[PDB]
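*Asks:*
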Amino acid sequence: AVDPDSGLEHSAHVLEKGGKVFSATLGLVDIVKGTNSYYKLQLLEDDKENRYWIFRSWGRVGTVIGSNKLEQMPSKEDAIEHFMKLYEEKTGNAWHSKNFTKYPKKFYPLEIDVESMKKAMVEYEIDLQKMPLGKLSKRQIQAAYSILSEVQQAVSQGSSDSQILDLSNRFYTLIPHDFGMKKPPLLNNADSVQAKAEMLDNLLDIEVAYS
Amino acid sequence: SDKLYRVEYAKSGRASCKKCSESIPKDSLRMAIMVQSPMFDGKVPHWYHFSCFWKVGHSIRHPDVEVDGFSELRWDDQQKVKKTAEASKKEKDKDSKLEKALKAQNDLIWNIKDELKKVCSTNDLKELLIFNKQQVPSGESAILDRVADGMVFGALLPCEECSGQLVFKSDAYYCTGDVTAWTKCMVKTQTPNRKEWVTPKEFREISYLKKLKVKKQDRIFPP
DNA sequence: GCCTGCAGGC
DNA sequence: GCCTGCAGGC
Ligand SMILES: [Zn+2]
Ligand SMILES: [Zn+2]
């Protein structure tokens with residue numbers, strides 16, 4: 532799917548090489564400094580022409596701060612080289628490889644798939694509130710739930726608050742939220758962990774329904 | 005760290021003022037206010053000439069802490085800042233003695249840094265840090281400040297948890313290692329582990345500064 | 001003098 | 001996050 536901030540939502544479609552959807556959404560979180568940043572990267576083909584563009588977008592999740600850049604690449608192949616170069620520069624790990632190794636201060640990829682309208686608009690806005698960067702994959706949501714179990718166990722242990730910080734960072738990176746400008750909160754409270762657990766349960770039910 | 009105002013010495017001359025909108029020289033005193041960048045996630049410093057900063061409406065009553073990096077300035081400049089901010225005999229003597237010992241530690245560090253700048257190059261200091269099992273920071277000012285700390289207070293030993301390098305902030309020493317590839321090691325202590333400094337074979341000026349050092353000293357921290 | 005990476009600026 | 005004047009490396 533194409534991004535609208537580029538102005539080519541109807542003019543183009545995302546290029547692909549079978550299983551290489553040239554469209555990535557990366558996120559990085561660090562609570563000790565209160566950063567929760569996203570990065571959209573796309574390589575767009577024309578709707579049907581030999582014209583190919585590169586789109587980059589960044590900022591804080593669910594917040595206005597952040598600009599974008601749409602640059603015209605010369606041909607339909609060197610654009611892929613620029614794509615891979617920026618992917619590695621921002622994540623560390625390669626564009627296509629089984630090794631999803633995290634790197635310090637480097638992003639991590641995110642797997643993605679009548680008065681009725683007056684209220685449907687509000688419903689879709691709250692949908693975006695729950696999913697500030699869009700729909701997620703069941704793999705990553707289940708990984709988030711397993712990390713939630715890890716956090717529940719580490720809080721039951723009541724020890725190693727540094728591990729609590731690390732797990733909270735991993736989670737918030739795996740599950741974005743619209744904190745606005747507020748520093749992401751730690752996950753030391755049993756009530757907070759159970760609340761986000763039931764939130765994930767509702768979301769997982771909604772996703773298994775969508776089939 | 006997460007403060008609002010920040011003062012230092014110009015690391016380059018490309019910084020454009022925000023009041024007079026004219027370039028600022030290098031190795032000159034400059035203040036700034038941190039503001040959220042509407043272009044990306046994170047604060048950014050709006051810099052101002054020392055003369056242009058006070059005619060804008062910023063009320064700073066105590067720069068002793070309100071300003072980031074206030075403790076790493078030359079004592080005369082710290083005094084000038086304190087003065088411009090406006091425009224118990226046993227306890228007093230103890231406090232004045234600490235302030236005088238703090239001034240002594242300050243100008244001693246800067247005088248050692250100046251002799252280094254005058255009798256060493258950039259790559260010269262690069263090799264000196266590598267000798268004592270220390271990391272090479274990104275920045276000429278950073279490299280200089282670290283070489284001065286290693287000469288006086290001793291070469292820092294790695295962290296006990298992350299096995300990473302430690303650096304001096306305004307308050308105390310912070311660790312910069314990575315406990316994990318996601319977060320960074322958060323260690324903070326006013327008294328780190330460290331062995332003594334080792335000047336290599338090619339250290340003719342070792343006596344030019346180290347010998348002069350009264351030695352037998354430890355970091356004096358702000359209140 | 002050329003070049004290419006980057007610490008500094010925003 | 002991206003832009004670039006610049007210094008060391010040759
Ligand atoms: Zn000015
Ligand atoms: Zn450490």
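For the record, the sequence lines run as chains A and B. Going by UniProt numbering, the letters in the first sequence line up with residues 532 to 644, 679 to 776, in that order. Going by UniProt numbering, the letters in the second sequence line up with residues 5 to 91, 224 to 359, in that order. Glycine included, C-beta positions come from ideal geometry on N, C-alpha and C.
Return the bridge partner residues of residue 602/A from the DSSP annotation.
*Replies:* The count along the first sequence starts at 1 and reaches residue 602/A at position 71. According to DSSP, residue 602/A bridges with 585/A.
*Asks:* What residue range is occupied by the uninterrupted alpha helix (DSSP H) comprising residue 737/A?
*Replies:* Indexing the first sequence from 1 puts residue 737/A at position 172. 726–739 is the span of the alpha helix (DSSP H), which, as asked, contains residue 737/A.
*Asks:* Residue 58/B and residue 19/B look like a contact to me (Cβ under 8 Å); what is the Cβ gap, rounded to whole Å?
*Replies:* As a first step, residue 58/B must be located in the second sequence, where it is residue number 54. As a first step, residue 19/B must be located in the second sequence, where it is residue number 15. Contact flag wrong, Cβ pair sits at about 18 Å.
*Asks:* Under 8 Å, do residue 353/B and residue 288/B count as touching if we go by C-beta distance?
*Replies:* Here residue 353/B corresponds to residue number 217 of the second sequence, with the count starting at 1. Here residue 288/B corresponds to residue number 152 of the second sequence, with the count starting at 1. For residue 353/B and residue 288/B, yes; Cβs fall inside 8 Å.
*Asks:* Quick one: using the 10 Å Cβ neighbour count with 16 as the cut-off for buried, is residue 605/A buried or exposed?
*Replies:* Walking along the first sequence from the start, residue 605/A turns up at place 74. By the neighbour-count rule (16 or more Cβ atoms within 10 Å), residue 605/A is not buried but exposed.
*Asks:* Is residue 323/B near ligand 2 - that is, is its Cβ less than 7 Å away from at least one heavy atom of it?
*Replies:* Stepping through the second sequence from its first residue, residue 323/B is reached at position 187. Residue 323/B: yes, Cβ under 7 Å from ligand 2.
*Asks:* Using a C-beta to C-beta distance shorter than 7 Å, which residues of chain A count as neighbours of residue 316/B?
*Replies:* Here residue 316/B corresponds to residue number 180 of the second sequence, with the count starting at 1. 731, listed in chain order.
*Asks:* How many angstroms separate the CA atom of residue 266/B from the CA atom of residue 638/A?
*Replies:* Here the question's residue 266/B lines up with position 130 in the second sequence. Here the question's residue 638/A lines up with position 107 in the first sequence. Roughly 30 Å separates the two Cα atoms.
*Asks:* Quick one: does the C-beta of residue 56/B sit closer than 7 Å to a heavy atom of ligand 1?
*Replies:* If you number the second sequence from 1, residue 56/B lands on position 52. Residue 56/B: yes, Cβ under 7 Å from ligand 1.
*Asks:* How would you list, in chain order, the residues of chain A whose beta-carbon sits under 9 Å from the beta-carbon of residue 44/B?
*Replies:* Position 40 of the second sequence, counted from the first residue, corresponds to residue 44/B. Simply 568, 589, 590, 591, 596, 597, 598.
*Asks:* Between the segment 736–747 of chain A and chain B, which residues of the former have CB atoms less than 8 Å from a CB of the latter, in chain order?
*Replies:* Listed by position along the chain: 738, 746.
*Asks:* Select from the segment 39–68 of chain B all residues with a C-beta closer than 8 Å to any C-beta belonging to chain A, and list them in chain order.
*Replies:* Hits within the stretch, in order: 40, 41, 42, 43, 44, 45, 46.
*Asks:* Where does the unbroken alpha helix (DSSP H) through residue 717/A begin, and where does it stop?
*Replies:* Taking the first sequence and counting its residues from 1, one reaches residue 717/A at position 152. Run containing residue 717/A: 703–722, per the alpha helix (DSSP H) assignment.
*Asks:* From the beta carbon of residue 325/B, is the nearest beta carbon of chain A less than 8 Å away?
*Replies:* Your numbering for residue 325/B matches position 189 in the second sequence. No, no contact with chain A.
*Asks:* Counting Cβ pairs closer than 8 Å, one from the segment 29–46 of chain B and one from the segment 5–20 of chain B, do we hit at least three?
*Replies:* At 8 Å Cβ cutoff, the stretches touch.
*Asks:* Taking residue 686/A as part of the alpha helix (DSSP H), name the residues at either end of that continuous run.
*Replies:* Taking the first sequence and counting its residues from 1, the one referred to as residue 686/A is at position 121. Its alpha helix (DSSP H) spans residues 682–695.
*Asks:* Provide the residue(s) that pair with residue 72/B in DSSP beta bridges, ordered along the chain.
*Replies:* Here the question's residue 72/B lines up with position 68 in the second sequence. DSSP lists 10/B as partners of residue 72/B.
*Asks:* To test your reading of the DSSP string, which unbroken alpha helix (DSSP H) runs of 4 or more residues are found completely within the segment 240–286 of chain B?
*Replies:* List check, alpha helix (DSSP H) in window: 258–267.
*Asks:* Expressed to the nearest angstrom, what Euclidean distance is found between the alpha-carbon atoms of residue 290/B and residue 300/B?
*Replies:* Position 154 of the second sequence, counted from the start, is the residue given in the question as residue 290/B. Position 164 of the second sequence, counted from the start, is the residue given in the question as residue 300/B. Near 16 Å, if we compare the C-alpha coordinates of residue 300/B and residue 290/B.
*Asks:* Report back the beta-carbon spacing between residue 621/A and residue 557/A to the nearest angstrom; my notes put them in contact at under 8 Å.
*Replies:* For the purposes of this step, residue 621/A is taken as residue 90 along the first sequence, with counting starting at 1. For the purposes of this step, residue 557/A is taken as residue 26 along the first sequence, with counting starting at 1. Going by Cβ atoms, the distance from residue 621/A to residue 557/A rounds to 6 Å, so yes, they are a contact pair.
*Asks:* Give the single residue among 686/A, 574/A, 600/A, 682/A whose Cα lies nearest to the Cα of residue 608/A.
*Replies:* Here residue 608/A is taken as the residue at index 77 of the first sequence, counted from 1. The candidate whose alpha carbon is nearest that of residue 608/A is 574/A.
*Asks:* Give a single yes or no on whether residue 593/A has its beta carbon closer than 7 Å to a heavy atom of ligand 2.
*Replies:* To locate residue 593/A, count along the first sequence from 1; it is residue 62. Outside the cutoff, so no.
*Asks:* List the residues of chain A that residue 35/B touches, going by C-beta distances under 8 Å, in chain order.
*Replies:* Within the second sequence, residue 35/B is the residue found at index 31, counting from 1. Near residue 35/B there are no residues of chain A at all, since even the closest Cβ is about 22 Å away, more than 8 Å.
*Asks:* Would you call the segment 544–560 of chain A in contact with the segment 306–315 of chain B, where contact means no fewer than 3 C-beta pairs closer than 8 Å?
*Replies:* Touching, no, given that fewer than three Cβ pairs across the two stretches are closer than 8 Å.
*Asks:* For the alpha helix (DSSP H) that residue 617/A lies in, which residues bound it at each end?
*Replies:* Counting from 1 along the first sequence, the entry for residue 617/A is found at position 86. Counting along the chain, the alpha helix (DSSP H) containing residue 617/A begins and ends at 609–622.
*Asks:* For the segment 754–765 of chain A and the segment 567–583 of chain A, state whether three or more C-beta atom pairs, one from each stretch, are separated by less than 8 Å.
*Replies:* As far as the Cβ criterion goes, the segment 754–765 of chain A does not touch the segment 567–583 of chain A, which means the pair count is below three.
*Asks:* List the residues of chain A that residue 322/B touches, going by C-beta distances under 8 Å, in chain order.
*Replies:* As a working note, residue 322/B is residue 186 in the second sequence. Going along chain A in sequence order, the residues near residue 322/B (Cβ under 8 Å) are 563, 727, 730.
*Asks:* Is the beta carbon of residue 297/B closer than 8 Å to that of residue 283/B?
*Replies:* Within the second sequence, the letter at position 147 stands for residue 283/B. Within the second sequence, the letter at position 161 stands for residue 297/B. Cβ atoms of residue 283/B and residue 297/B: not closer than 8 Å.
*Asks:* Short of 9 Å Cβ to Cβ, which residues in the segment 327–342 of chain B face chain A?
*Replies:* If the cut-off is 9 Å between Cβ atoms, the segment 327–342 of chain B has nothing near chain A.
*Asks:* Exposed or buried, what is residue 586/A when buried is set at 16 or more other beta-carbons lying within 10 Å of its beta-carbon?
*Replies:* Walking along the first sequence from the start, residue 586/A turns up at place 55. Burial call: buried.
*Asks:* State the Cα-Cα distance for the pair residue 689/A and residue 640/A, rounded to the nearest angstrom.
*Replies:* Mapped onto the first sequence, residue 689/A falls at position 124. Mapped onto the first sequence, residue 640/A falls at position 109. Computed Cα separation, rounded: 25 Å.
*Asks:* State the DSSP-derived secondary structure class of residue 535/A, mapped to helix, strand or coil.
*Replies:* Numbered from 1 along the first sequence, position 4 holds the residue referred to as residue 535/A. Three-state result, residue 535/A: helix.
*Asks:* At a threshold of 7 Å, does residue 52/B count as lining ligand 1 (C-beta to nearest heavy atom)?
*Replies:* Translated into the one-based positions of the second sequence, residue 52/B becomes position 48. Because some heavy atom of ligand 1 lies under 7 Å away, the Cβ of residue 52/B counts as near it: yes.
*Asks:* Shortest alpha-carbon distance to residue 768/A belongs to which of 625/A, 699/A, 722/A, 744/A?
*Replies:* Within the first sequence, the letter at position 203 stands for residue 768/A. Measuring from the Cα of residue 768/A, the nearest candidate turns out to be 699/A.
*Asks:* Got a sec: does ligand 1 put a non-hydrogen atom nearer than 7 Å to the Cβ of residue 1/B?
*Replies:* Given a span of 5 to 359 for chain B in the structure shown, any question on residue 1/B remains unanswerable.
*Asks:* Ligand 2 heavy atoms versus the CB of residue 298/B: any closer than 7 Å?
*Replies:* As a first step, residue 298/B is located in the second sequence; it is residue number 162 there, counting from the start. Checking every heavy atom of ligand 2 against the Cβ of residue 298/B, one is found closer than 7 Å.
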